[PDB]
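J.: below is the sequence, then the experimental coordinates.
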Amino acid sequence: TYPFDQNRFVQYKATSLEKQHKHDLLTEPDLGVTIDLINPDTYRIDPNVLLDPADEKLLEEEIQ
Amino acid sequence: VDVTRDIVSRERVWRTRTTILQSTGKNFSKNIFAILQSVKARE
Amino acid sequence: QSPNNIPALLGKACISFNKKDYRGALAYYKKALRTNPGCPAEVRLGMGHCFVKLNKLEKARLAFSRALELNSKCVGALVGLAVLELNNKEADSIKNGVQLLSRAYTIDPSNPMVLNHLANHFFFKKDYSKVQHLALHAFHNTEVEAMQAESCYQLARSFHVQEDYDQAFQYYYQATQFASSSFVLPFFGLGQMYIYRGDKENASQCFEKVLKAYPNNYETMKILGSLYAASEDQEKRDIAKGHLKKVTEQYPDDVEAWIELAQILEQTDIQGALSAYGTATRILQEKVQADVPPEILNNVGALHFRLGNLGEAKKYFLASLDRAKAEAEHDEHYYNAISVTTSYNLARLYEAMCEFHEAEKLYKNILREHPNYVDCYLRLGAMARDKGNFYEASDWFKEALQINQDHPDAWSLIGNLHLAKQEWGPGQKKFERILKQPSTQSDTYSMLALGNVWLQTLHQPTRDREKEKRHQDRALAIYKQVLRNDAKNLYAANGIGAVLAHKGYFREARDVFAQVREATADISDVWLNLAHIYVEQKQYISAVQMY
């Protein structure tokens, strides 16, 4: 048989298998927002409403 | 001695006695035991 | 009752998100930004996190950007883009390290995300101190399983490269036990940790989920080197074949890949082992011009021994012994013992040359230096057995039992000598009972020898006296026993067919011999026994040709 090194250690490393993983964001289980109908003391629905171009292109689901 | 365990560990046996008798194909014995019982049906 | 404001229905959508229904999340989430109630908590943050899901990344970037424009103090946008650019590390390293991470550390030094990510960065930046400063807090400050699974995993990879493997093993196990379905690096950590402390049984089981995760080049070599496949164990051996032809076409600096290729190929096709050794001979020469270790060269000569390549097998053994001599100082690896078994192989080769003189020389050289060895002690005996039985053949055989009475091979060979004396037929019950101790049992070879010495009793004029009928049924009982313990023995089935042919069932014999005939033609007995049937139908023109 061949006297193999016991490969108890990583030096390649597994970093190809590591940084390919995109890591979840689960800081707050309701997705990082306090869910409240009382803290909206303000509302943009009054004149005037605000809606940035970035905000319209996020109001679409998939239209590209 | 240390030579004994020293050699018998590092070598390998791929060819023993017993699997010479056993066939490299798959020849089961149900067919064999079926005709074994069939000759007993003549008995 | 009152759909008059949106966080009433946005709390539906976080439930939908946590049920992995990002469509049902974003359906209510479209209704957020059309209205946008008073929200410093950035409805756009969860927008981007849903856009993190299912690779809607460009929308995620824009959502986190507008989150930063409404409030740069908020953490979720910056860490979202931090993970978003965790894809490219060699590209845009610094902005990930400082802007995407250290700013999140600045605005919150208690955020276990940014602590975990600076931890694994410090690992890759080889800062092994402050990773253990802040990975503990990254463990304690979080309470969800996958995050503290990653915390334990990162402390485990920290102490693993720091070789504090006892603690890091516990971290790997906790990392697996907290959240398992997340990702498989903690499973890899435990499996390679089982290489520590000899715990490798669970290494195979844990690494199976790595293949259940997804196959890679990485996860071949762990199961290949961790080869519980010894022989006739396909659950580790077929997967070994699959990994070996997962890496043979590859080359992630393959060196030993051919060694553990051929290391299972010796049971299988020998030519595959030859080819593996062929490029394995080369592969030890280009990285450095390094002579091939003699264990390889001895084994390739051993391959050619069962091939026709007997001469270069001899050359392999010669250069093997030279390379072992070139292992001048390697009594750790015990090149001397390797030379001992190499010389054993070479003497067995000289027997194939029928150079029994030099075979005697090599054998007595080994026995004069390692007399504890038995196989050389009896191959010498076998050589004189070729001359005859009552030589020192029989006495080397008996002293092989004297040095090792536990030895079943030599003990079988004792009665094999007595096969010559068939007048010592009924006496062979005793000399084939000695190692019918159940430590040696089951011994198929010996019990078939019992069947054979019991069948040579037949063709006598005492069958009508029921004596050979009892002998036929007793051999039948032996053959039933070896039948049940092995369906795939062929000498058994030859025995059954022989005894029933002696029972006069020759139409009932050519069929059972036909089975072993396709099983292997290279049994000299079945050629005879088939033609006996043929001449029993007077089928000479089918018989003498096969004779």
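T.: Cool, the structure landed. Numbers count the residues shown, from 1 in each chain, chains lettered A, B, ... in the order given.
J.: got the contact list for residue C:475?
T.: By C-beta atoms under 8 Å, 6 or more residues apart in numbering or on different chains, the contact set of residue C:475 is C:451, C:454, C:455, C:458, C:495, C:499. Every C-beta, even on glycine, is put in place using the N, C-alpha and C of the backbone.
J.: counting neighbours, what do you get for the nearest residue to residue C:489 once chain neighbours are set aside?
T.: Excluding the flanking residues, the one nearest residue C:489 by C-beta to C-beta, 6 or more residues apart in numbering or on different chains is residue B:21, at 4.6 Å. By other C-beta atoms under 10 Å in any protein chain shown, the residues close to residue B:21 number 18.
J.: I'd guessed residue B:21 sits against residue C:495; true?
T.: No - with contact defined as C-beta atoms under 8 Å, residue B:21 does not count as touching residue C:495 (10.7 Å).
J.: common neighbours of the two, please.
T.: Taking C-beta under 8 Å, 6+ apart as the contact rule, residue B:21 and residue C:495 both touch residue C:448.
J.: how about the residues of chain B near chain A?
T.: B:10, B:11, B:12 (C-beta under 8 Å from any C-beta of the partner chain).
J.: out of those residues, which touch chain C?
T.: Near chain C, judged by C-beta under 8 Å from any C-beta, the entries from the residues of chain B next to chain A are B:10, B:11, B:12.
J.: point out the residues in chain B that sit beside chain C.
T.: Chain B has residues B:1, B:3-4, B:6-7, B:10-12, B:14, B:17-18, B:21-33, B:35-36, B:38-39 near chain C, with proximity defined as C-beta under 8 Å from any C-beta.
J.: of these, just the buried ones, ChimeraX syntax please.
T.: Those of the residues of chain B next to chain C that count as buried under 16 or more other C-beta atoms under 10 Å in any protein chain shown are selected in ChimeraX with:
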select /B:3,6,7,10,11,21,22,23,27,29,32,35,36
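J.: now intersect the residues of chain B next to chain C with the helices, please.
T.: Judged by DSSP state H, the subset of the residues of chain B next to chain C located in helices is B:3-4, B:6-7, B:10, B:18, B:21, B:30-33, B:35-36, B:38-39.
J.: and the furthest pair within the residues you listed?
T.: Using C-beta to C-beta, those reach their maximum pairwise distance at B:3 and B:38, which is 55.7 Å.
J.: which helix or strand contains residue C:303?
T.: Counting by DSSP states H and E, the element that carries residue C:303 is helix C:294-305.
J.: near chain A, anything from that helix?
T.: Yes - counting by C-beta under 8 Å from any C-beta, chain A is contacted by helix C:294-305 at C:295, C:296.
J.: and for stretch C:253-273?
T.: Yes - against chain A, stretch C:253-273 shows contacts by C-beta under 8 Å from any C-beta at C:256, C:259, C:260, C:263.
J.: need the contact partners of that stretch.
T.: The contact list for stretch C:253-273, computed with C-beta under 8 Å, 6+ apart, reads A:1-2, A:4, B:12, B:14, C:221, C:224-225, C:227, C:229, C:231, C:237, C:240-241, C:244, C:247-248, C:274, C:276-277, C:279-280, C:283-284, C:287, C:296, C:299-300, C:303, C:306-307.
J.: pull the distance from that stretch to the chain's centre.
T.: Offset of stretch C:253-273 from its chain centre (C-alpha atoms, centre = their mean, to the nearest Å): 12 Å.
J.: for that stretch, buried residues please.
T.: Neighbour count says stretch C:253-273 has C:254, C:256-267, C:270, C:272-273 buried, by 16+ other C-beta under 10 Å.
J.: can you measure across it, start residue to end residue?
T.: Stretch C:253-273 has its terminal residues 19 Å apart, counting by C-alpha to C-alpha, to the nearest Å.
J.: I'd assumed residue C:345 was in contact with residue C:302.
T.: Yes - assessed by C-beta under 8 Å, residue C:302 is found in contact with residue C:345 at 5.7 Å.
J.: with neighbour numbers in mind, choose between those two.
T.: Between residue C:302 and residue C:345, counted using other C-beta under 10 Å, the more crowded position is residue C:302 (25 against 21).
J.: which one of the residues of chain B next to chain A is nearest to chain C?
T.: residue B:11 (5.7 Å; C-beta to the nearest C-beta).
J.: any idea how far residue C:461 is from the nearest residue to the closest one once chain neighbours are set aside?
T.: What sits nearest to residue B:11 in space, not counting adjacent residues and going by C-beta to C-beta, 6+ apart, is residue C:341, at 5.7 Å. Using C-beta to C-beta, to the nearest Å, residue C:341 is found at 53 Å from residue C:461.
J.: neighbour-wise, which of those two wins?
T.: More crowded of residue C:341 and residue C:461, by other C-beta under 10 Å: residue C:341, with 21 against 8.
J.: can I get the helix or strand hosting that one as CSV, trimmed to CA atoms?
T.: In this structure, residue C:341 sits in helix C:335-352 according to DSSP H and E. In CSV, the C-alpha atoms belonging to helix C:335-352 read as follows (Å, rounded to 0.1, in the frame of the first residue of the first chain):
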residue,chain,number,x,y,z
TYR,C,335,12.6,-0.5,3.0
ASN,C,336,14.3,-3.6,4.4
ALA,C,337,10.8,-5.3,5.0
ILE,C,338,9.7,-4.0,1.6
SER,C,339,12.9,-5.7,0.1
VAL,C,340,11.9,-8.8,2.0
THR,C,341,8.5,-9.0,0.3
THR,C,342,10.0,-7.8,-3.0
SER,C,343,12.5,-10.7,-2.8
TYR,C,344,9.6,-13.0,-2.0
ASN,C,345,7.9,-11.8,-5.2
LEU,C,346,11.1,-12.2,-7.2
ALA,C,347,11.6,-15.7,-5.9
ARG,C,348,8.0,-16.5,-6.9
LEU,C,349,9.0,-15.0,-10.3
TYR,C,350,12.1,-17.2,-10.5
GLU,C,351,9.7,-20.1,-9.9
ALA,C,352,7.8,-18.8,-13.0
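J.: stretch A:30-45 vs chain C: in contact?
T.: Yes - if you take C-beta under 8 Å from any C-beta as the test, stretch A:30-45 does meet chain C, through A:30-37, A:39-45.
J.: alpha carbons of stretch C:440-450, as CSV, please.
T.: Extracted C-alpha coordinates of stretch C:440-450, given in CSV (Å, rounded to 0.1, in the frame of the first residue of the first chain):
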residue,chain,number,x,y,z
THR,C,440,-10.9,-21.1,11.1
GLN,C,441,-14.4,-22.0,10.1
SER,C,442,-15.9,-21.3,7.7
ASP,C,443,-13.2,-22.8,5.4
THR,C,444,-14.9,-23.5,2.1
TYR,C,445,-11.6,-24.8,0.7
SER,C,446,-11.2,-27.5,3.3
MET,C,447,-14.8,-28.5,3.4
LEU,C,448,-14.8,-29.0,-0.3
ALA,C,449,-11.7,-31.0,0.3
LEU,C,450,-13.8,-33.1,2.6
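J.: can you mark which positions in that stretch are buried?
T.: By neighbour count with 16+ other C-beta under 10 Å, stretch C:440-450 contains the buried residues C:443, C:444, C:445, C:446, C:447, C:448, C:449, C:450.
J.: now do it: everything it contacts.
T.: Contacts for stretch C:440-450 (C-beta under 8 Å, 6+ apart): B:17-18, B:21-22, C:408, C:411-412, C:415-416, C:419, C:428-429, C:432, C:435-436, C:478, C:481-482, C:485-486, C:489, C:491-492, C:495.
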